[PDB]
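Below is one structure, written out as structure tokens; the observations come after it.
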Amino acid sequence: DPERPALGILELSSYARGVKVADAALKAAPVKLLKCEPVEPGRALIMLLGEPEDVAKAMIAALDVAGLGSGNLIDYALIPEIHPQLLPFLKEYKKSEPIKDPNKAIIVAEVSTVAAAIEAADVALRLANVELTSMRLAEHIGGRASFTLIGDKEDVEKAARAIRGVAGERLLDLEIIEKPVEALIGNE
Amino acid sequence: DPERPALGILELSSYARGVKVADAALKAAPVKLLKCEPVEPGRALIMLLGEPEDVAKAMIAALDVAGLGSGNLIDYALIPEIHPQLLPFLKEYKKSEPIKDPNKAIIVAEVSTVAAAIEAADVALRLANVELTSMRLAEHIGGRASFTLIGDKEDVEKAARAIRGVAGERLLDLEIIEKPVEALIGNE
Amino acid sequence: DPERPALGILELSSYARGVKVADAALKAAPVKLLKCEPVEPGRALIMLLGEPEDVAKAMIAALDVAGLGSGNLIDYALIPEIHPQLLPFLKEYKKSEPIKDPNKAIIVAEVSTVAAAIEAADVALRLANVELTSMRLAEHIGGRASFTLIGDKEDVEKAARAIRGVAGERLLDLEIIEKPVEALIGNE
Amino acid sequence: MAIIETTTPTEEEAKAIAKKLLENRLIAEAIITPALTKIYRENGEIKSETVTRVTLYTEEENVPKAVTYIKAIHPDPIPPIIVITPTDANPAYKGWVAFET
Amino acid sequence: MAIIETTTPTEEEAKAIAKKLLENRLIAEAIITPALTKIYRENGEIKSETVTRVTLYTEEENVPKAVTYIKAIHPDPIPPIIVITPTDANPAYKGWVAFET
Amino acid sequence: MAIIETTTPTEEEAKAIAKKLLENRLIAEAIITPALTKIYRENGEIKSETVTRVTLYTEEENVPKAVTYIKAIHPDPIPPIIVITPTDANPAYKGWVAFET
Amino acid sequence: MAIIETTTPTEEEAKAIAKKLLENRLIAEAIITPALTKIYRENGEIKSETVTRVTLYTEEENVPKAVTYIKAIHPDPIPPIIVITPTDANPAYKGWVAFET
Amino acid sequence: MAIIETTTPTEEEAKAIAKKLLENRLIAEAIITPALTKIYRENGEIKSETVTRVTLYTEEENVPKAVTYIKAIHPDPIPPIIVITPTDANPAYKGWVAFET
Amino acid sequence: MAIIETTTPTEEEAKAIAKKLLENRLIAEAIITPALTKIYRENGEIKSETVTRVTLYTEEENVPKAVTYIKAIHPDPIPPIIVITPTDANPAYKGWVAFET
Amino acid sequence: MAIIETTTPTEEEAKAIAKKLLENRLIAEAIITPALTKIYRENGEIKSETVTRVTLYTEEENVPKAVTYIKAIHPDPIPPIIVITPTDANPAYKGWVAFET
Amino acid sequence: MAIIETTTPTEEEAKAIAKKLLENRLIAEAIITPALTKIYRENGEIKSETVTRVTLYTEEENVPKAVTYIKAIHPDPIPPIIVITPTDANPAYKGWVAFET
Amino acid sequence: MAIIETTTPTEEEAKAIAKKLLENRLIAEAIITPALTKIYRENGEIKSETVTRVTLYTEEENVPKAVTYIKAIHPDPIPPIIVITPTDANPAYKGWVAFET
């Protein structure tokens with residue numbers, strides 16, 4: 001896979017439908033399936049990686065069989081180049097190393113779908129000298145998502161404006177904090 | 001218990017109501033309780049086994065105290081003879097032995113209540129030379145259920161028609177796949 | 001902490017909002033945070049302990065920043081003195097020692113919010129020579145709660161009347177059982 | 001599902017209609033009962049005979065279909081057909097009536 | 001239309017009720033089946049007899065009317081009457097049941 | 001109230017189910033009719049037998065109850081149960097079916 | 001819940017009404033305050049006395065009940081009763097007022 | 001009806017306001033309670049005094065009227081007036097408060 | 001606005017709660033009245049004491065806030081708090097209660 | 001977001017307007033295309049020239065703002081401004097147009 | 001108002017259509033841009049040319065009119081016409097497009 | 001239908017994207033225009049380049065599809081895509097855009 005592998009995300013309202021989509025996509029191209037599992041509140045989440053063209057053909061077949069426009073599909077996404085920092089949190093939740101600088105600022109982001117979350121986080125990390133800290137995906141929270149980042153106040157505000165611009169109506173709540181306490185560092 | 005023990009299933013909207021039902025049933029007959037626990041999204045699931053007549057009297061008391069017709073009860077079921085293949089998955093999720101034949105077909109079934117799922121699966125295994133592979137019960141999925149089976153295309157279609165006939169309106173989605181990939185075998 | 005530490009409970013509709021509330025509260029007073037996590041169906045649950053005045057100031061800041069009256073807050077509570085029996089179940093679910101007396105009675109209580117549950121349980125244990133047995137908190141049940149107690153019939157009825165009086169409209173179902181079976185003892 | 005109710009004036013003819021109905025995958029089961037006395041006025045006079053009564057099972061989609069075929073096949077020009085829909089049914093026989101068709 | 005279901009303890013009495021019912025233009029057709037065993041508890045003891053079962057046809061307006069007459073005429077003090085309404089019916093027999101009344 | 005409809009392959013077994021059903025205060029009355037021919041395809045071949053048909057009465061609250069017991073007791077693994085609700089009934093038998101249960 | 005407000009012309013009589021009210025499980029708590037001066041016109045002349053004021057607690061279902069009993073028991077022919085309903089109350093005392101009744 | 005709640009810094013002044021209020025047929029009854037300690041910040045310093053609290057009765061039409069007069073008469077520039085409406089009242093005192101005005 | 005009503009078993013403790021409440025800009029005014037006799041059943045026996053009653057003022061937004069603090073501070077485990085909302089109030093004191101907080 | 005469309009009679013002037021527009025953080029990007037022939041009637045006579053066409057990007061909140069500035073700055077008394085709102089846009093450029101302003 | 005979008009294979013022909021369109025008071029302004037490469041499959045083979053693109057302004061009532069004339073005049077049998085309606089426009093150019101027609 | 005709008009920093013790369021897009025039956029037509037100057041702030045400094053602008057046609061069902069492919073193929077990490085839906089279109093080109101895909 002490329003050093004920033006293309007990532008295909010689709011969330012469906014049916015499990016069997018996700019099954020057919022995975023089957024047809026793996027017919028179409030020799031991509032690598034990362035995960036196909038039922039996800040809260042009963043949705044089906046499909047994750048896959050590969051070359052940009054193989055990913056493209058996988059989506060060809062996937063949307064061809066998905067019955068697009070019939071309401072069974074809710075959201076979808078793709079990214080060509082995943083920022084290297086994302087990859088460690090992509091496979092499993094790897095709690096980042098303890099905070100080294102005490103005067104950093106911090107934000108928390110909340111969205112409604114996993115695709116908006118991952119896209120916005122990728123663009124935000126493309127922006128600034130900001131560090132991701134945590135992120136959760138659609139499990140036990142009925143298909144929502146959230147993630148957090150830290151940095152310096154000015155680039156924090158820049159990132160917040162970029163984040164609202166990316167999210168639009170899908171944004172639920174975005175926030176900023178200037179000086180977090182020691183009692184939450186690592187205890188988030 | 002008989003080699004195919006009778007199984008009583010009831011799902012209730014209250015936990016205390018399930019408690020009274022279990023108490024009264026165990027007054028009525030000396031049946032063996034398999035499980036009484038709160039189940040997602042807060043329902044109460046009661047499982048019990050015994051002789052057909054003891055099971056019958058247990059249901060006598062259970063529906064007598066359940067306040068039938070008042071809306072507290074949603075669904076119920078029973079089966080006289082549970083197919084022997086069901087029993088290993090009944091107690092705990094025992095992942096079946098790895099797939100031996102590569103050219104098999106496969107289906108996935110989705111329902112809304114556990115009773116319809118278990119009844120339909122039992123009848124389907126009564127039908128054909130088909131093999132069950134997986135099944136999930138109402139936990140973390142808000143009271144839904146699903147299960148899968150494999151076999152040969154013609155008996156697969158026969159089973160699918162039988163399955164729609166059994167399920168009726170409670171059926172959500174039923175599907176068929178002819179040639180699954182190696183990358184999903186065991187990785188379902 | 002006092003032998004019956006003061007306990008602050010707040011449930012919010014947003015996760016980031018809970019984050020700000022925890023940050024501001026820990027600014028206000030040096031209380032000890034017990035838990036801050038997203039809870040089903042996506043709510044944020046904040047738990048903290050400390051001296052009564054430190055707890056008071058923590059709530060000062062918390063409700064100051066919570067945007068009270070705007071609908072983001074659903075319920076809140078506090079207790080000055082937690083009955084000593086509650087504390088073992090407070091940290092983790094410690095299944096109580098096996099039942100010693102066979103002729104006890106039992107009740108089950110169901111509520112809609114964690115605060116009403118904990119308050120009612122504390123008052124009930126303040127009442128009688130009754131023993132708590134189990135309790136669940138808002139996880140996988142969409143923010144509901146339930147708990148159980150055992151005792152003798154007369155004080156059982158006294159406790160039930162006290163429980164309805166405390167709960168009011170938030171009560172969902174309350175019940176009583178006189179002679180439970182052996183097949184449920186420990187198998188609840 | 002539904003129920004089809006019919007009568008024929010002789011047992012053999014009822015058997016023939018049931019046989020032809022079954023041969024075309026139109027039905028799952030057939031029910032016959034003989035020794036039926038038919039009393040009616042005819043030009044103002046009382047009558048009495050001995051016929052057979054026939055009951056049928058099928059699912060709700062195939063009811064018009066069996067009705068059509070029975071109209072097409074029944075000997076008498078004006079043939080008895082009565083339709084009944086059960087209020088409830090066990091899932092096992094819903095599956096089994098789907099089975100045998 | 002609707003269906004009336006009834007039983008009598010002897011065949012002759014059932015014939016008599018059917019005859020009197022027909023004489024007054026209350027009905028179009030009558031249906032009888034004999035050899036019916038009746039099992040029930042009586043002071044706590046099991047019983048068994050042999051009676052006949054009687055089925056009826058009429059249109060929906062005349063159902064209360066036949067019910068009233070059957071109450072008025074049936075021998076036993078507490079008489080069996082069951083009412084059933086067919087879901088669908090062929091236009092030909094709707095016309096024919098209108099016909100014979 | 002409602003109606004329960006069932007069949008058994010031999011008369012004696014039908015009697016046994018009716019007897020056990022009555023012993024537990026689940027019902028008020030039982031109805032049996034023998035000499036029933038059953039024609040169906042089996043592996044693609046026509047069949048014919050002789051069985052009995054059984055009809056039942058109860059009130060609307062006890063219908064699921066009798067259904068449950070019949071499931072629990074009936075010999076064949078996949079047992080015939082059909083449910084019917086009368087449109088109208090005389091008050092006297094509503095009282096009497098309440099009576100005998 | 002609600003609040004009952006009343007006065008009596010002497011302390012002992014107020015104690016007696018409170019005692020009789022408590023004896024019959026009608027209430028949870030009683031509140032009395034003495035040294036109350038009552039100024040009013042009487043035939044056009046100013047007056048002044050010394051009486052006691054009495055406050056009460058109960059839940060909303062028992063308010064008419066205590067009102068009825070107080071009417072039945074209070075000495076003066078035209079007795080002071082005032083009703084007040086708290087806007088909010090802590091769950092602990094809702095439980096406790098349920099407790100002591 | 002309604003309730004008027006007020007305080008004055010000395011007993012005699014409260015008596016004077018009550019007297020002038022009664023002289024003009026504005027009210028039926030007056031209620032006073034002395035020995036009230038008033039604690040508040042003043043330029044950032046705690047204070048404590050001893051005053052009297054005064055409660056009033058009237059019917060709902062005369063409430064604005066008494067409010068107006070109390071504004072017109074009370075000594076302090078910014079005077080305490082609180083309004084309360086009882087939820088329920090006995091018909092006898094509704095009649096009696098109508099009586100004395 | 002609203003009204004907060006509370007009692008304490010000794011005067012000094014009531015003063016302490018009022019003082020701590022005022023120190024944190026939670027309130028504008030505090031009201032205390034002593035010499036309150038408390039009669040209740042305890043294990044079935046009558047009791048009588050002498051306590052103080054405390055009344056409070058604030059605006060409608062700060063009522064939950066004072067309730068929370070009073071819960072946090074009051075000595076007895078199960079503390080008296082009653083809430084009352086005046087129907088009407090003069091604009092001058094609405095301004096003044098806004099003033100002193 | 002939205003689109004702003006404008007023309008100027010010479011390339012250099014278009015560059016000047018774009019430069020001044022960018023200097024004040026009013027916009028993210030500017031688009032120019034030269035060699036535009038303008039044909040129109042003037043006192044009834046046909047004309048033809050060579051001008052440049054200018055396209056703009058911004059978000060929906062800043063559209064009136066750029067419109068105002070362009071009115072304030074454009075040389076010709078009656079200046080070309082056309083507004084267009086894209087139906088859909090990729091999230092990446094929504095972020096990027098937010099970026100560069 | 002609205003926008004008309006069109007292309008022609010040579011600049012001179014586009015000028016001719018614009019000229020004839022202007023001569024008949026059908027329009028207020030015309031917009032042309034040359035050097036347009038057209039890539040398409042033809043019998044399955046890729047192509048590339050150089051053409052010009054033409055944009056138009058008018059008010060909403062005259063759009064069908066210009067469409068009709070362009071159909072009537074354009075050289076190629078199947079001619080490019082695209083219609084666009086601006087969301088908002090300045091009052092000054094609404095007046096000016098009314099002006100020049 | 002809809003419109004896709006995009007830019008690339010060199011003509012050859014735009015040709016390559018258009019070619020790959022056409023090879024996969026994703027589109028009917030492609031539109032390119034060169035000589036585009038891009039002015040923006042970079043670390044606070046003004047810039048200017050020369051790029052090409054690319055316009056696209058397709059029907060409303062295939063818009064997300066072309067968007068996805070363009071994301072997958074475009075060289076720059078953050079690529080220009082703008083979407084526009086024509087208000088009206090002639091039936092002939094609706095047919096023709098259906099044609100060439």
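By order in the structure tokens, chains are A, B, ...; within a chain, residues start at 1; ligands start at 1, following the order shown.
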| task | Please return as a count of residues only: the residues of chain H that backbone DSSP assigns to strand (DSSP E or B). | result | 34
Sel. of alpha helix (DSSP H) residues, chain K, as a tab-separated table (two decimals) with C-alpha atoms, in the first residue's frame:
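Below you can see out-v3.tsv, which holds the result:
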chain	number	residue	atom	x	y	z
K	11	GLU	CA	-15.15	32.86	-34.17
K	12	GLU	CA	-16.60	34.58	-37.24
K	13	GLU	CA	-19.79	32.53	-37.14
K	14	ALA	CA	-20.24	33.32	-33.44
K	15	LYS	CA	-19.83	37.01	-34.29
K	16	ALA	CA	-22.48	36.63	-37.01
K	17	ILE	CA	-25.01	35.01	-34.67
K	18	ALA	CA	-24.36	37.66	-32.02
K	19	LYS	CA	-24.74	40.43	-34.61
K	20	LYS	CA	-28.04	39.11	-35.99
K	21	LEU	CA	-29.28	38.55	-32.43
K	22	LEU	CA	-28.48	42.15	-31.47
K	23	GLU	CA	-30.02	43.63	-34.62
K	63	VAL	CA	-35.22	33.82	-22.55
K	64	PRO	CA	-37.56	31.59	-24.62
K	65	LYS	CA	-37.44	34.24	-27.31
K	66	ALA	CA	-33.66	34.24	-27.68
K	67	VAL	CA	-33.72	30.44	-27.45
K	68	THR	CA	-36.15	30.31	-30.38
K	69	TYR	CA	-34.10	32.71	-32.50
K	70	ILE	CA	-30.84	30.88	-31.75
K	71	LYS	CA	-32.45	27.62	-32.82
K	72	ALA	CA	-33.62	29.38	-35.97
K	73	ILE	CA	-30.21	30.83	-36.86
K	91	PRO	CA	-30.90	46.44	-8.99
K	92	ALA	CA	-28.61	48.62	-11.12
K	93	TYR	CA	-28.03	45.90	-13.73
K	94	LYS	CA	-31.62	44.74	-13.63
K	95	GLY	CA	-32.36	48.31	-14.66
K	96	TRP	CA	-29.52	48.31	-17.19
K	97	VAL	CA	-30.49	45.04	-18.89
K	98	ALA	CA	-34.00	46.47	-19.11
K	99	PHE	CA	-32.28	49.61	-20.45
K	100	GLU	CA	-30.41	48.23	-23.42
Contact check, chain H to chain I, at most 9 Å, counting only C-alpha atoms, closest pairs as JSON lines:
{"residue": "H:2", "atom": "CA", "partner": "I:87", "partner_atom": "CA", "distance": 8.9}
{"residue": "H:35", "atom": "CA", "partner": "I:33", "partner_atom": "CA", "distance": 7.4}
{"residue": "H:36", "atom": "CA", "partner": "I:33", "partner_atom": "CA", "distance": 6.4}
{"residue": "H:37", "atom": "CA", "partner": "I:32", "partner_atom": "CA", "distance": 6.4}
{"residue": "H:38", "atom": "CA", "partner": "I:31", "partner_atom": "CA", "distance": 6.4}
{"residue": "H:39", "atom": "CA", "partner": "I:30", "partner_atom": "CA", "distance": 6.1}
{"residue": "H:40", "atom": "CA", "partner": "I:29", "partner_atom": "CA", "distance": 5.8}
{"residue": "H:41", "atom": "CA", "partner": "I:100", "partner_atom": "CA", "distance": 7.7}
{"residue": "H:42", "atom": "CA", "partner": "I:100", "partner_atom": "CA", "distance": 8.9}
{"residue": "H:46", "atom": "CA", "partner": "I:19", "partner_atom": "CA", "distance": 8.8}
{"residue": "H:67", "atom": "CA", "partner": "I:90", "partner_atom": "CA", "distance": 8.5}
{"residue": "H:78", "atom": "CA", "partner": "I:92", "partner_atom": "CA", "distance": 6.5}
{"residue": "H:79", "atom": "CA", "partner": "I:93", "partner_atom": "CA", "distance": 7.7}
{"residue": "H:80", "atom": "CA", "partner": "I:93", "partner_atom": "CA", "distance": 7.1}
{"residue": "H:81", "atom": "CA", "partner": "I:90", "partner_atom": "CA", "distance": 6.7}
{"residue": "H:82", "atom": "CA", "partner": "I:89", "partner_atom": "CA", "distance": 5.5}
{"residue": "H:83", "atom": "CA", "partner": "I:88", "partner_atom": "CA", "distance": 5.1}
{"residue": "H:84", "atom": "CA", "partner": "I:86", "partner_atom": "CA", "distance": 5.3}
{"residue": "H:85", "atom": "CA", "partner": "I:87", "partner_atom": "CA", "distance": 6.5}
| Any idea what the distance is between CA of residue 47 in chain B and CA of residue 91 in chain B? | 10.7 Å
| Within 6 Å of chain C, which residues of chain B show up when using only C-alpha atoms, listed as a ChimeraX atom specification? | /B:16,23,40-42
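Reported to one decimal place, the separation of CA of residue 4 in chain J from CA of residue 55 in chain J is 5.8 Å.
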| request: Kindly determine which residues of chain B lie within 10 Å of chain F, considering only C-alpha atoms, and give the answer as a VMD selection string. | output: chain B and resid 6 51 to 57 59 to 60 63 to 64 68 to 69 77 to 81 123
Could you please take those selected residues and save C-alpha atoms as a short mmCIF file (atom, residue, chain, number, x, y, z; two decimals), in the first residue's frame?
data_model
loop_
_atom_site.label_atom_id
_atom_site.label_comp_id
_atom_site.auth_asym_id
_atom_site.auth_seq_id
_atom_site.Cartn_x
_atom_site.Cartn_y
_atom_site.Cartn_z
CA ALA B 6 -37.98 -27.79 24.40
CA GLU B 51 -39.78 -31.68 29.49
CA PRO B 52 -42.55 -30.67 27.06
CA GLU B 53 -45.24 -30.77 29.75
CA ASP B 54 -43.13 -28.95 32.35
CA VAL B 55 -42.34 -26.34 29.69
CA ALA B 56 -46.05 -26.13 28.90
CA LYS B 57 -46.97 -25.46 32.53
CA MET B 59 -45.72 -21.03 29.92
CA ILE B 60 -49.14 -21.49 31.57
CA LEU B 63 -48.59 -15.91 30.27
CA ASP B 64 -51.07 -15.92 33.15
CA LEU B 68 -51.03 -10.53 27.93
CA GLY B 69 -52.66 -7.96 25.66
CA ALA B 77 -42.01 -18.57 21.13
CA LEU B 78 -41.36 -22.24 21.80
CA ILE B 79 -39.92 -25.21 19.92
CA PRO B 80 -40.53 -28.89 20.82
CA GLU B 81 -37.39 -30.39 19.26
CA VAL B 123 -37.00 -24.88 10.42
#
